[PDB]
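Step one of this worksheet: look at the structure below.
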Ligand SMILES: [Ca+2]
Ligand SMILES: [Ca+2]
Ligand SMILES: [Ca+2]
Ligand SMILES: [Ca+2]
Ligand SMILES: [Ca+2]
Ligand SMILES: [Ca+2]
């Protein structure tokens, strides 16, 4: 509440856009409310787009910036999850995020990079290549690194909207290991 | 390998059909391989259909049965997850599963009921009503109850195919709690 207004731009994918949530339930809205509750005179613009890849973010970063009433004081950069989820090459997410950060650096807008994590079913080579993007870029650009901020959703499954669980091949094997003894016993009796 | 052949019918949804898996990677195929490895002369027919509700299962249970070369010795019944995931009424999943089990009882085919669990984001009233279906029906029909056989997928996230995580409203709040201190600190410096 006290002081001049601080403009924060939340630039991201569904985790900022608020997929199947009301606008005032989305991360940018709730973050703003918590900042102001702590006494900061902060306005957070929601520029999340569900489905955005790093490539889609790069295609629109300049237009989003030039559309605001003034240059934002701070950008929250949160992209890459959709790259990883669609199996796009980790090096291409790195390339696009690097260039997004270049355009922000060229305008002297400071950035907080929201780190993302590869889904653990994917290859270890992919996982290393993807996960290292965010600390690597944060160092190169002297951005703050916000770590894996959907970590509480991994701890607490009741915080995530319901969806289908589809096992991998190895997940089916664990399902069999879990049930084969009981099925074997039933078959033994008839 | 030794003895006369035992015919098991796997009647279910994507968790039996093997969504985005090869047929020989699906639960019915791998269960068969593990049973035979333990010395049982068992053939498991995959009658999983991805997307099947309890209602869809009921509409096709008689045709699946009458299509086999003889009457199956054992049915694995695994439905309800899609009901719960689509927000269909728990009482309607109970009604359809009851009737499926009636048709099997009327043919004297013994059944193992695969219990399902409501996603923890859903209401506690829904969760109670849905989760109680499977032990309740198993008692009424003297079916074996296989408990929550995708339990290992909840333990080990690397066993499940990757997909989007969409927070609830309360999940967004946990995300804010996770990040507000660091964002507050960054804003305090500029
Ligand atoms: Ca509402
Ligand atoms: Ca300003
Ligand atoms: Ca500038
Ligand atoms: Ca293959
Ligand atoms: Ca037989
Ligand atoms: Ca019969």
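Taken together, the values in this text are just the output of simple stated rules run on the coordinates, not laboratory data. With ideal geometry, Cβ positions are generated from the backbone for all residues, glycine too; neighbour counts draw on all protein chains shown.
Assorted remarks:
- Within segment B:36-48, the set of residues being free of Cβ contacts under 8 Å to residues at least 12 places away in the same chain and assigned to a helix (DSSP H, G or I) comprises B:37 only.
- Scanning segment B:48-57 turns up one or more residues that are away from ligand 2 (no atom under 16 Å from the Cβ) and in contact with a strand residue (DSSP E or B) (Cβ under 6 Å, 6 or more places away or on another chain).
- Residue match in segment B:22-30 (condition: more than 16 Å from ligand 6 (Cβ to nearest atom), part of a helix (DSSP H, G or I) and more than 11 Å from chain A (Cβ to nearest Cβ)): yes
- Top-ranked residue in segment A:157-190 [being part of a loop (DSSP other than H, G, I, E, B) and over 19 Å from residue B:161 (Cα atoms); ranked as farthest from the other protein chains (Cβ to nearest Cβ)]: A:189
- Any hit, segment B:28-35, residues being touching a strand residue (DSSP E or B) at 6+ places or on another chain (Cβ under 9 Å) and within 16 Å of ligand 5 (Cβ to nearest atom): yes
- Considering residues of segment A:1-40 that are within 16 Å of ligand 3 (Cβ to nearest atom) and crowded, with 21+ Cβ neighbours inside 10 Å only, the residue farthest from residue A:79 (Cα to Cα): A:8
- Number of the exception - residue A:33 against (1) within 21 Å of residue B:189 (Cα to Cα); (2) free of Cβ contacts under 8 Å to residues at least 24 places away in the same chain; (3) more than 9 Å from chain B (Cβ to nearest Cβ): (3)
- Test result for residue A:18, at the interface with chain B (Cβ under 10 Å from one of its Cβ atoms), more than 16 Å from ligand 5 (Cβ to nearest atom) and more than 23 Å from residue B:183 (Cβ to Cβ): no
- Checked against (1) touching a strand residue (DSSP E or B) at 6+ places or on another chain (Cβ under 6 Å); (2) within 16 Å of ligand 6 (Cβ to nearest atom), residue B:66 meets all criteria but (1).
- Test: residue in segment A:43-61 that is at the interface with chain B (Cβ under 10 Å from one of its Cβ atoms), surrounded by 22 or more Cβ atoms within 10 Å (Cβ to Cβ) and either within 16 Å of ligand 3 (Cβ to nearest atom) or under 22 Å from residue B:170 (Cα atoms) (or both): yes
- Counting only helices (runs of 4 or more DSSP H) that fall entirely inside segment A:65-143 and contain at least 3 residues that are more than 13 Å from chain B (Cβ to nearest Cβ) and more than 16 Å from ligand 5 (Cβ to nearest atom), the qualifying elements are A:90-106, A:124-131, A:133-141.
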